[PDB]
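Summary of the model geometry
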Amino acid sequence: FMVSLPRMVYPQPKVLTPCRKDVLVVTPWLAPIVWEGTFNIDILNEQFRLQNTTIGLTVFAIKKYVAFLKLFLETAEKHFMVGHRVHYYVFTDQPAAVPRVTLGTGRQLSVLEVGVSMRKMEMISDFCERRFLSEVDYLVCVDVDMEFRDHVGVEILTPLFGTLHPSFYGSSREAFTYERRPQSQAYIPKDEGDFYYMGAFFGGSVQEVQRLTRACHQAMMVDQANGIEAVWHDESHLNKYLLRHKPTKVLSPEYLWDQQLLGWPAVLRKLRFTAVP
């Protein structure tokens, strides 16, 4: 049950004026593609705050990657879901190397000690299943060697989302680096594929994320038993899953960018979450 929005004053959407004419803003299965200019964040914030939404954010920081936690978390505090309830889950082999980062109200951090390729998918689907269901409404799964530079908010939330890989959003599907060997569970032939999704940023409702990670983990175990490793590891499996189970939103490359490698093209009005140089 959803309570009514309050009265709000904002510009009228104009039916005969698109927000963005330079990019595709909806997929062929009617999922929004999230770009700056497509959403009114005030409306979305009202909708999600009225549901008292809690967002979990998972990150793995193993060995030297613990060094990236401080900037990751500090910039998440500035830019990720500000105003909403957030629960960070930091998976690490070095609990004592987790930096003590000051958190805003309504935000918490749990350190989860781990004991490689299948770790992420296995941990999200098997080890942490019950915990996430009780603690958060949505799960967002990202890599640690990153920083937030601009707003990443409730506009991303949906049952299941993937993110356009910044190196391939303008590429033809034959150029996508899908797994191409039919012997792998991640196989996608040359005439299939919507997009090349980035393994580093996906999410959705807890139920859908656990479904995805369970399916990918099972497929990875099948490949291991068959002596084959997909070309881009869990990213290859993520792509196969999202081909056959269409995401209900797709994030534009604003949400996963590498400025050193790709600059700042005109089509990107904001660079929100970026690789650390």
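Residues numbered from 1 in each chain as written, not as in the entry; some residues may be left out. Heavy atoms only, no water. Residues with missing side-chain atoms left out of burial classes, pairs and counts.

**Some details on the UniProt feature "active site" (unreviewed entry) in the chain**
When the UniProt feature table is mapped onto this chain, "active site" (unreviewed entry) is found at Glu 235. Inspection of the secondary structure puts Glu 235 in helix 6 (residues 234-244). Filtering out sequence-adjacent residues up to four positions away, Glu 235 remains in contact with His 165, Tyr 196, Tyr 197, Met 198 and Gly 199. Of the polar contacts made by the side chain of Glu 235, one reaches the side chain of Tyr 196; its length is 2.7 Å. (UniProt positions renumbered as here; feature names shortened; annotations may be inferred. Helix = DSSP H or I, 4+ residues; strand = E, 2+ residues; numbered from the N terminus. Contact = heavy atoms within 4.5 Å. Polar contact = N/O pair within 3.5 Å; in protein donor to acceptor, adjacent residues only side chain to side chain.)

**Some thoughts on the state of the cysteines**
For the structure shown, the criterion picks out zero disulfides. For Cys 141, which is in no disulfide, the shortest distance to another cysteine sulfur is to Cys 128 and amounts to 10 Å. (Disulfide = S-S within 2.5 Å.)

**Let's talk about a nonpolar patch on the surface**
A surface patch of nonpolar side chains, about 450 Å² in accessible area, is lined by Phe 1, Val 3, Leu 5 and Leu 50. Its location among the elements puts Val 3 in the segment before strand 1 (33-34). According to the relative accessible area criterion, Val 3 is partly exposed, its value standing at 45%. (Patch = residues over 30% accessible without salt bridge, like charges linked within 9 Å, V, L, I, M, F, W, Y side chains within 5 Å. Areas by Shrake-Rupley, 256 points an atom, 1.4 Å probe, with all protein chains shown as cover. Salt bridge = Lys/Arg side-chain N within 4 Å of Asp/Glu carboxyl O. Buried < 20%, exposed > 50% of the residue type's maximum accessible area, 1.4 Å probe, protein only.)

**A word on the UniProt feature "binding site: Mn(2+)" (unreviewed entry) in the chain**
What UniProt calls "binding site: Mn(2+)" (unreviewed entry) maps, in this numbering, to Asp 143 and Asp 145. Secondary-structure assignment places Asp 143 in the loop between strand 5 (138-142) and strand 6 (146-148). Take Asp 143: its relative accessible area is 31%, and that puts it in the partly exposed class. Leave out the neighbours within four places in its chain, and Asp 143 touches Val 59, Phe 72, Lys 120, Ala 200 and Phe 273. With respect to the helices and strands, the residue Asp 145 is situated in the loop between strand 5 and strand 6. Owing to a relative accessible area of 25%, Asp 145 belongs among the partly exposed residues under this scheme. For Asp 145, the residues in contact, after removing those within four places along its chain, are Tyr 65, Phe 68, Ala 275 and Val 276.

**Regarding the pattern of salt bridges**
According to the stated counting rule, one finds 11 salt bridges in the structure shown. A salt bridge links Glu 77 to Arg 107, with the shortest nitrogen-to-oxygen separation between them at 2.7 Å. Taken together, the residues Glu 77 in helix 2 (residues 69-79) and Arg 107 in strand 4 (residues 107-113) connect sequence positions 30 residues apart. The buried category is assigned to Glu 77, whose relative accessible area is 15%. By relative accessible area, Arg 107 is classed as buried at 11%. Ionic pairing is found between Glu 208 and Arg 211, a salt bridge with its closest N-O pair at 2.8 Å. Of this pair, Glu 208 and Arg 211 both sit in helix 5 (residues 206-225), three residues apart, which is roughly one turn of that helix. When its relative accessible area of 18% is taken as the criterion, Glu 208 is described as buried.

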